[PDB]
Each structure stands twice: as C-alpha cells, then as structure tokens.
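First to last, the sequence lines map onto chains A and B. Here this note's numbering runs 2 ahead of the position in the first sequence, where the first position is 1. Here this note's numbering runs 2 ahead of the position in the second sequence, where the first position is 1.
2 protein chains.
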Amino acid sequence: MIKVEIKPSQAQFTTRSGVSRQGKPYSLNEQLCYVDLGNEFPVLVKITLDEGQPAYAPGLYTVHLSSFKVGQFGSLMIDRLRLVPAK
Amino acid sequence: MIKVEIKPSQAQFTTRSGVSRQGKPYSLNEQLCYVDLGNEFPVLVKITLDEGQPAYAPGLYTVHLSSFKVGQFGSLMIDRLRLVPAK
C-alpha cells in the first residue's frame, strides 16, 4: 500500500528520445511524483510512463501489481511504476 | 498490497558466504517464497534476509514499505523484500 502523489506542479511529462542500436527509435515519457516512504517528508521519484499513456492527473494514487516482475537473479524487482487511483 | 506466501517447504533458509574486496566477510541468508503477481499461479521469488533475521515462518505476508528506496537514476527500486504478517 504505497501512497503516491502527483502534485499540481507535476501534471505533465517530458519526453526523452532517441534511436536503438539496431537502428530503431524510441521516445520515453517521464513524469515526477512524490512517494511516501515513511520518512518525515515524501520522496521525489521519476516514473517512466507507458507507451500510449498520458500523464497522471494531480491526486493520490497507489501502486499497481503490474509494476513488479521477477528479475534475472530470481528476486522481485520494479519494472515500471504503474499507478491506480486511491481509496 | 502484494500477497506473499511462505509454503511449509520454505520454512528455512540457506546461507551463502564469502569475503569482500577490501578483505571483509559476509554471509547472506536466502529464503524462497511465492509472490502472487496476478498470473494463474504465484511466482517463485528468492528473498535475501536481513542481518540478524530468522527465516519467515509458513503463512501469508504482505510487503513492508522499507523494501523500497529511490535508486541512483531517481526511480523507485526494491532494496530488500522485507515482509510483515497479513490481515
């Protein structure tokens, strides 16, 4: 149950682009948020958006289960922080 | 809210050891579990235990917030899958 917050100043993304090694392009959309990690203040995290996904609107989200996968050493890893609306 | 399960065959750990580059030893305890990732069946995950922590007893756990940290590229990463008892 992680608490994630997109603040009103975080309502948009930025796009980073380029071209893969066997000549193919890519375009990454990045948005910022605040993840509450139990410290005094929420932490700033960058989240890479999915292909065809718009930026998350201001509000409170939690983390969707598809953000995780088993990594190549057999442990759990975060793949992409994918968010669902809270409560 | 990830569902994690230590099965009755997973009640123990194994220890892996060695010695760091500026001559210092280490000993890692590893236990196995089943993480429900929304597929047809739960997935097998290896979890490295903490210093001074015993193996998790059979049962249902969820994931504790201290399993996460902001990684060196600014995204959220799993540090160590630390578990708390469920419900």
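For every residue, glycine included, the Cβ atom is placed at its ideal position computed from N, Cα and C.
Q: For B/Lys48, return the contacting residues in chain A, with the cut-off set at a CB-CB distance below 7 Å.
A: Sequence index remark: in the second sequence, residue 48 of chain B carries index 46 (1-based). Simply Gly76 and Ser77.
Q. In chain A, which residues lie less than 8 Å from B/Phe15 when you measure between Cβ atoms?
A. As a first step, residue 15 of chain B is located in the second sequence; it is residue number 13 there, counting from the start. Scanning chain A for C-beta atoms nearer than 8 Å to the C-beta of B/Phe15 yields nothing, as the closest lies near 14 Å away.
Q) What does a CB cutoff of less than 6 Å around B/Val45 pick up in its chain, not counting 5 residues either side in sequence? A) Locating residue 45 of chain B in the second sequence gives position 43, where the first residue counts as 1. The beta carbon of B/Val45 is closer than 6 Å to those of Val37 and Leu39 in its chain, skipping five residues each way along the sequence.
Q) Which residue's Cα is closest to the Cα of B/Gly73: A/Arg82, A/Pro27, A/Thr17 and A/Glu53? A) Along the second sequence, one-based indexing puts residue 73 of chain B at 71. Across the set A/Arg82, A/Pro27, A/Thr17 and A/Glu53, the C-alpha of A/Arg82 shows the shortest separation from the C-alpha of B/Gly73.
Q: Kindly list the residues whose CB is nearer than 6 Å to the CB of B/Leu30, restricted to its own chain and excluding five residues on each side of it in sequence; keep chain order.
A: Numbered from 1 along the second sequence, position 28 holds the residue referred to as residue 30 of chain B. Counting only residues of its own chain and dropping the five nearest sequence neighbours on each side, B/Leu30 has a CB closer than 6 Å to the CB of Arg18 and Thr50.
Q) Does the distance from the C-beta atom of B/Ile8 to that of B/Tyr58 stay below 9 Å? A) As a first step, residue 8 of chain B must be located in the second sequence, where it is residue number 6. As a first step, residue 58 of chain B must be located in the second sequence, where it is residue number 56. B/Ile8 places its beta carbon less than 9 Å from that of B/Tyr58.
Q: From the DSSP output, read off the bridge partner residues of B/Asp81.
A: By 1-based counting over the second sequence, the position of residue 81 of chain B is 79. In the DSSP output, where bridge partners are listed per residue, B/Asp81 has none listed.
Q. The beta strand (DSSP E) with A/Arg18 in it runs from where to where?
A. Stepping through the first sequence from its first residue, residue 18 of chain A is reached at position 16. Per DSSP, A/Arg18 belongs to the beta strand (DSSP E) from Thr16 to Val21.
(Q) Taking CB distances under 9 Å as the criterion, tell me whether B/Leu83 reaches chain A. (A) Indexing the second sequence from 1 puts residue 83 of chain B at position 81. Chain A places a beta carbon closer than 9 Å to that of B/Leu83, counting this residue as a contact.
**Q.** With 16 other Cβ atoms within 10 Å as the buried cut-off, status of B/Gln33
**A.** Taking the first residue of the second sequence as 1, we reach residue 33 of chain B at position 31. Only buried fits B/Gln33, as 16 or more other CB atoms lie within 10 angstroms of its CB.
Q: Using a Cβ cut-off of 8 Å, pull out every chain B residue sitting near A/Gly20, in sequence order please.
A: Along the first sequence, read from residue 1 onward, the residue named residue 20 of chain A stands at position 18. Ordered by position in chain B, no residue passes the 8 Å Cβ test against A/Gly20, which lies about 16 Å from the chain.
Q) Apart from the five residues on each side of it in sequence, which residues of its chain come closer than 8 Å, Cβ to Cβ, to B/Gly61? A) Counting from 1 along the second sequence, the entry for residue 61 of chain B is found at position 59. Annotation for B/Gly61: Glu7, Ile8, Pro87 and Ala88 place their beta carbon closer than 8 Å to its own, counting only its chain and skipping 5 residues before and after.
**Q.** Contact set for residue 2 of chain B: own chain, Cβ-Cβ below 7 Å, skip 5 residues either direction
**A.** In the structure displayed, chain B extends from 3 to 89; residue 2 of chain B sits before or after that span and is not available.
Q: Name, please, each residue of chain A whose Cβ falls closer than 7 Å to the Cβ of B/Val37.
A: Translated into the one-based positions of the second sequence, residue 37 of chain B becomes position 35. Residues of chain A whose Cβ lies closer than 7 Å to the Cβ of B/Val37 are, in chain order, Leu78.
Q: Output yes or no for whether 9 Å exceeds the beta carbon distance between B/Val47 and A/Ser77.
A: For the purposes of this step, residue 47 of chain B is taken as residue 45 along the second sequence, with counting starting at 1. For the purposes of this step, residue 77 of chain A is taken as residue 75 along the first sequence, with counting starting at 1. Annotated as proximal: B/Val47 and A/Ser77, with beta-carbon spacing under 9 Å.
Q) Hey, does B/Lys71 have any beta-carbon neighbour from chain A nearer than 9 Å? A) The residue you call residue 71 of chain B lines up with position 69 of the second sequence. Interface criterion met: the Cβ of B/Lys71 is under 9 Å from a Cβ in chain A.
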